[PDB]
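Each chain, letter by letter, is given below.
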Number of protein chains: 2
Amino acid sequence: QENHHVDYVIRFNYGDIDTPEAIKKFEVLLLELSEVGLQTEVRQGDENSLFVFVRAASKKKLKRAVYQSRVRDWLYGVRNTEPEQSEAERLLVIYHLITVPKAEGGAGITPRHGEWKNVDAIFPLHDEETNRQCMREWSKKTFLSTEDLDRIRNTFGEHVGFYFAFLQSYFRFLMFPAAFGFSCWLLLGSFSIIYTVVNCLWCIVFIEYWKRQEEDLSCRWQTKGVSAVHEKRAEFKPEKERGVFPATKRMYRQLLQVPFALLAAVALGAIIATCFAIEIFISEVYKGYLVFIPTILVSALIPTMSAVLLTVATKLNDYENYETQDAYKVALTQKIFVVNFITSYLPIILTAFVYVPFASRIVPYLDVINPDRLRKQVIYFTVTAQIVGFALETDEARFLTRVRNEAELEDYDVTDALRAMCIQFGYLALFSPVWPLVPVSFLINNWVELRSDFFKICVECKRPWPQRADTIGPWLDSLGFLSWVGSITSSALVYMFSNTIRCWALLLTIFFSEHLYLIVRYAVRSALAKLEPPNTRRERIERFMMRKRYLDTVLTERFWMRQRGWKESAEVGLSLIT
Amino acid sequence: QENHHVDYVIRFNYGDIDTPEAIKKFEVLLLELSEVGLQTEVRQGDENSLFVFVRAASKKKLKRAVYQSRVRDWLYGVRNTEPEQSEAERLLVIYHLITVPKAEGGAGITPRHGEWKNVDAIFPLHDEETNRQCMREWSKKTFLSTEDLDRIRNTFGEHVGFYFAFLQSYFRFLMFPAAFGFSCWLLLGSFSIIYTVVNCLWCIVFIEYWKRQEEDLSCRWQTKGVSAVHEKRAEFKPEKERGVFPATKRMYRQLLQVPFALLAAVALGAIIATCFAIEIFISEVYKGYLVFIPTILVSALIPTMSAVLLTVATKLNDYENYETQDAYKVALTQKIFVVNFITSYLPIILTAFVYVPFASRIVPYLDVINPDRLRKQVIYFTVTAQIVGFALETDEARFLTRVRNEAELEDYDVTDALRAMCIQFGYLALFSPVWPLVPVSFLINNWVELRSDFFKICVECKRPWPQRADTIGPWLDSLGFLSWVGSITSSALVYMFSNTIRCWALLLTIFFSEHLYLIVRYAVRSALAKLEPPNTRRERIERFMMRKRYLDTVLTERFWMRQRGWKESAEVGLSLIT
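- For this deposition, the record names cryo-EM as the technique by which the model was determined and cites 3.08 Å as its resolution.

Laid out in structure tokens, this is it:
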């Protein structure tokens, strides 16, 4: 093939070790790779690092690897076939040959955690025929079929497959608010009740539909349940019998998220109040569109402030010392959600429920505010970042240098572009009745950046190892929390700013709209549970027939003496009736 | 033994058939019982009914029955051992031999549904040594050990076992509000905030603790997952390939619950308004405790009005034509919960939020109201029914007539005494801060009636066939809904009736108390998920070791030629570092 049958390539760096110490850690790595059935070949890489090439050493060793991985998947509950395939399947079982805890599988490699500090990251090689002769059919397509998502599952794994399927379903479901809000901008305007009810209905229906499509796609890609949690770079304090860490010592570090979030909220509310003060000063001392210059500056500085808070949250999450990857991911997603909620929505919350209604009590406290100010805030905080972001755009030595060019690329992260599609959903759920062209501005940006994720995953960063998944992650609970908060927030905004405040009716239409949201969400979930998707119905039919075939295969004392057999019992019965 | 090795006894009635028609249905029953390995013996019963006696016909047929039932339990997901025991286990596999759908198991008997109209109910025989030499150790005990619940699991099955464990845990958890409300009656009085917060905390903790004890007990009794749904007496319209019934035709009958519930609510609010009118008339035309006579009469007529609405709800649920038993049970529990919510709490809701605050606008509309009226209503609707209920109390022809006396008894129902323990929890969650002696009045009645369920299940009605369960049913969701409604209702009552109404603060302390309830419930659930019960930790340890033992048991082309083996690769590595 194009790649020289290479499954993986393992980069071992020696720029931080001695001359005689690196020759022992290299021999230990080669002996651990040769203890399992992996054939190794060493070549020179960069000026301080050499990489080895890992292949299946034989057909018998590869068959034993696939059988051991299928045994682990059947024992953990992923497989239900009691075992006795593709490119992603072979790459997954070879990555499980390299990187497991050595009690099963083998080779014990953890890339830069402990006792393997010299080796750098390991990675497979890019399928050139799949990211050249198929990447330029996916960018100029605008919509992907299920057989097209099968090609992004068979390469790059089910993790990338679920991420791209979620982006496709979100772009397909975004076409309804992008048409409806534009239809409710030429006809109804800002703060309309019809658009708010239909927008909250859409926010319910999209989440309850993707929750069904996830169970559809995890039964289609034969990955219906993944609870096989993996280890990490945990620093265990004791070693009592397995490394242990007390949860009471973890909660005392988990409580540090509260002062961090509170200080970030105060430090951003100070910037928002400063922007209000400079806007009032410019409105006093002169001016049409130039009076909202610091709001535009802080709305453009949002994505570089959230990154700083993201690095602080990553350091705080690494301090909390999690054991499993499926807990570190959940805690990181919770911290990213808190940071993005503080960063992206609280500038609009502080001008929707604090600044504009209590204008006469804070404007004299700032000088040393009609609802169009809130409309301009929702305009400036969902558009200008995307405007600025789209303004910065304006014999075998060939294979070895291709691999050396592939080792200098970045590493892909789903959790960076999936964070933005949560901020968009939070702007859609919470403050979208303020300006109904928020879905149009999101759909245009998504249609522009649709051909930017294929390019990124194909030519900009290296190929990820094929990771299995049954869901997009804990972002699907963040979407539900955003819809729940938006059902209160949009109803309060529509009451406060359509057409005194009558404070009993505001807290009545908060209560009734929240509980109507809960009732309608239960109804939509129970209605979508009834209708079964096809590729999880085929799996249920197959698992029913596989059980029915097996079941059809497998198929004092003188009182019980007066009626031998059953014909005598029938004779006693016929004598006893008459 | 005492019983003549009798597993089951099947009563066949002939009081409604002809003389020659009953001799064929009897022969069909005996042939269907003899097709499976069951030895039958016929004797005369009552003047229009004769019963047969069903035993395991051989050891090989009994072993085949246990193996087929274990195969069905392993295929449906109950068993995880891949098969190659007690009294309840033998009675369960013999009942599964008699009553299944004949595609598996055999004998096809459905007791009075279709093509078996002549046979009456079937039932096992009472273990006299277990309900005589052990029932008079359980009534005068007041508390049951786990080895004592094992005796009510090994007889009467896991359904009765979970019901008695729920009653024991509820009686043990009721001792804390029965002490705390009595401590908050000598010190604080009615409508106190401390008792309301602690009562809502107790309502959270009891439900989130029984949800953990259910997963404890279902892993202890080897019944951790039961999703093996059974058929029923469904009348299928078409027969397209299995009898089918469209859900769109079922929803049009399910919508009849709304006019039934609305008409019951209006018909009870009319009686409550009539009782208010007669109370105001007696208060005008004369009288200390006699002025609340119709309230006492309607509070005593509550349990005989809820029974009439229960029969209407049972007819409506049988009209809705459910296919599975695990859906008929859920819909019946929902209808019973709606009926009991209308019957037991809406008389207190109509005098807490309608009559007492708007007294000056309805008292002139009734004549042709201090919060002590609400306190007297909560007194009269949680006590006087229990007062009236506890005021109405003030050679082988011996075995055959014992069986004939056992066939005239009633049939046990868990869902009749488990309904009252939901009405008690609803009175505890919703209106208990009005009068803090509600938990004392419930604990005294529960301690009185604790020795009345053992008597009922042992000597008053016949022995149920051992039914398996993993939960008490869909009552555990009704308890959570009652706690959710009570977190709003008790906070509104404490704001309205402690020490103008200031209608913004009422709908503020509704909102904050409901969302504080949700936050604290999530915290209590996440804290109780951390702490693992012992008998589900032993099962997890066993399922981990059973997998670890099996896993330890089971364990272009010229580029891959320059380094044979791995020692040559280490030589190339040591040459390439230096």
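Digging into the pattern of salt bridges
Residue and element names in this part refer to chain A.
Working step 1: Across the pair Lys335 and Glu320 runs a salt bridge, and its minimum N-O distance is 3.4 Å. On the criterion of sequence distance, the pair formed by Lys335 in helix α14 (residues 325-344) and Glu320 in the loop between α13 (302-319) and α14 is long-range, its members being 15 residues apart.
Working step 2: Salt-bridge contacts for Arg402 lead to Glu406; the nearest nitrogen and oxygen are separated by 3.3 Å. Of this pair, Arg402 and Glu406 both sit in helix α18 (residues 397-406), 4 residues apart, roughly one helical turn.

With respect to the relation of the copies chain B and chain A
Working step 1: With an axial shift of 0.0 Å and an RMSD of 0.0 Å, the rotation relating chain B to chain A amounts to 180 degrees. Classification of the inter-copy transformation places it as that of a two-fold axis. Residue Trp504(B) of chain B places its C-alpha closer to the rotation axis than any other residue of that unit, at 2.6 Å.
Working step 2: In this assembly the copies share their binding face: 100% of the residues contributing to the interface of chain B also contribute to that of chain A.

Things to note about the pairing of strand β3 (residues 49-56) of chain A
Residue and element names in this part refer to chain A.
Working step 1: Pairing geometry for strand β1 (residues 8-13) and β3, over 6 bridges, is antiparallel. Its bridge partner lying in β3, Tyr8 is registered against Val54.
Working step 2: Sheet topology note: the strand β2 (residues 38-46)/β3 ladder contains 8 bridges and is antiparallel. Each bridged residue has a counterpart across the sheet, and for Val42 the counterpart in β3 is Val52.
Working step 3: Once β2 ends, the chain turns through 2 residues before running back antiparallel as β3.

A few points about the environment of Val485(A)
All names here are of chain A.
Working step 1: You can see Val485 is positioned in helix α22 (residues 475-497).
Working step 2: Distance from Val485 to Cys422, taken between C-alpha atoms, is 14 Å for residues 63 residues apart in sequence.
Working step 3: Excluding residues that lie within four positions of it along the chain, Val485 makes contacts with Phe341 and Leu430.

A closer look at the sheet that holds β3(A)
All names here are of chain A.
Working step 1: One open sheet accounts for 4 strands, arranged β2-β3-β1-β4; its pairing is antiparallel. At either margin of the open sheet sits one strand with a lone partner, and together these are β2 and β4 (119-124). Along the sheet, successive strands turn relative to each other by an average axial angle of 20 degrees, direction set aside.
Working step 2: Pairing between β1 and β4: 4 bridges, direction antiparallel. Paired with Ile10 across the bridge in β4 is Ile122.

A short note on the sheet that holds strand β1 (residues 8-13) of chain B
Residues and elements named next belong to chain B.
Working step 1: The strand order across the open sheet built from 4 strands is β2-β3-β1-β4, with neighbouring strands paired in antiparallel fashion. Both edges of this open sheet fall to β2 (38-46) and β4 (119-124), since each of them pairs with a single strand only. Across the sheet, the mean angle from the axis of one strand to that of its neighbour is 20 degrees, orientation sign disregarded.
Working step 2: Against the sheet, helix α18 (residues 397-406) makes contact with β2, β3 (49-56) and β4, and its axis sits at roughly 105 degrees relative to β3, the strand it touches most.

A short note on the interface of chain B and chain A
Working step 1: Opposite the 59 residues of chain B that make contact, chain A presents 59 residues.
Working step 2: Every element with two or more residues in the side of chain B that touches chain A is listed here: α1 (22-35), β2, β3, α2 (59-76), α22 (475-497), α23 (503-530), α24 (534-554) and α25 (567-577) of chain B.
Working step 3: Residues that form the side of chain B that touches chain A fall into these classes: 36 nonpolar, 14 polar and 9 charged.

Re the packing of helix α23 (residues 503-530) of chain A against α23(B)
Working step 1: Contact geometry for α23(A) and α23(B): axes closest at 8 Å, N-to-C directions at 30 degrees. Overall, the two elements α23(A) and α23(B) adopt an arrangement that is roughly parallel. In this structure, α23(A) meets α23(B) at a crossing whose hand is left-handed. Between α23(A), through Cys503(A), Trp504(A), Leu507(A), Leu508(A), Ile510(A), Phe511(A), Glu514(A) and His515(A), and α23(B), the contact on the second element is made entirely by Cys503(B), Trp504(B), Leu507(B), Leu508(B), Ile510(B), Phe511(B), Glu514(B) and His515(B).
Working step 2: Grouping the constituent residues of the contact of α23(A) with α23(B) by class yields 12 nonpolar, 2 polar and 2 charged.

Let's talk about the packing of aromatic side chains
Working step 1: Considering the side-chain rings of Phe143(B) and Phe171(B), the 5.7 Å spacing of their centres and the 50 degrees angle between planes classify their relative orientation as tilted. Residue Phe143(B) is located in the loop between α5 (135-138) and α6 (146-154), and its partner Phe171(B) is located in helix α7 (residues 157-173); the two are separated by 28 residues in the primary sequence.
Working step 2: With centroids separated by 6.5 Å and ring planes inclined at 55 degrees, the aromatic side chains of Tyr427(B) and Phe431(B) adopt a geometry described as tilted.
Working step 3: Three or more aromatic residues joined by ring pairs make a cluster, and in this case those are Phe166(A), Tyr170(A), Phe173(A), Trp202(A), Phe206(A), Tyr209(A), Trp210(A) and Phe425(A).
Working step 4: Just above the ring of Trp560(A) sits the side chain of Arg55(B); from NZ or CZ to the centre is 5.1 Å.

A closer look at the side chain of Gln386(A)
Working step 1: Along the chain, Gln386(A) falls in helix α17 (residues 371-389).
Working step 2: Not counting residues within four places of it along the chain, the set of residues in contact with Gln386(A) comprises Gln424(A), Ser441(A), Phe442(A) and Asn445(A).

Some points on the environment of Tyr495(B)
Working step 1: When you line up the elements, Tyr495(B) lands in helix α22.
Working step 2: Expressed as a C-alpha distance, the spacing of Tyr495(B) and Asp395(B), which sit 100 residues apart in the sequence, is 74 Å.

Some words on the packing of α22(A) against α23(A)
All names here are of chain A.
Working step 1: Running from amino to carboxyl end, α22 crosses α23 at an angle of 145 degrees, the nearest separation of the two axes being 9 Å. Here α22 runs over α23; the crossing is right-handed. Residues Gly480, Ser483, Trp484, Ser487, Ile488, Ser491, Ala492, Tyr495 and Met496 of α22 form the contact with α23, whose participating residues are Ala505, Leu506, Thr509, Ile510, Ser513, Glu514, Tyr517, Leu518 and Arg521.
Working step 2: Broken down by class, the residue content of the contact of α22 with α23 amounts to 10 nonpolar, 6 polar and 2 charged.

Quick notes on the rules
- Residues numbered from 1 in each chain as written, not as in the entry; some residues may be left out.
- Chains lettered and ligands numbered in written order.
- Heavy atoms only, no water.
- Residues with missing side-chain atoms left out of burial classes, pairs and counts.
- Salt bridge = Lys/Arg side-chain N within 4 Å of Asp/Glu carboxyl O.
- Helix = DSSP H or I, 4+ residues; strand = E, 2+ residues; numbered from the N terminus.
- Least-squares fit on C-alpha atoms.
- Contact = heavy atoms within 4.5 Å.
- Pairing = 2+ DSSP bridges.
- Axes fitted to C-alpha atoms, helices over the stretch in contact; angles between N-to-C directions.
- Nonpolar A, V, L, I, M, F, W, Y, C, P; charged D, E, K, R; others polar.
- Parallel < 35°, antiparallel > 145°, perpendicular 65-115°, else oblique.
- Left-handed = near helix turned anticlockwise from the far one by under 90°.
- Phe/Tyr/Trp six-rings, centres within 6.5 Å; stacked < 30°, edge-to-face > 60°.
- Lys NZ or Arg CZ within 6 Å of the ring centre and 35° of its normal.

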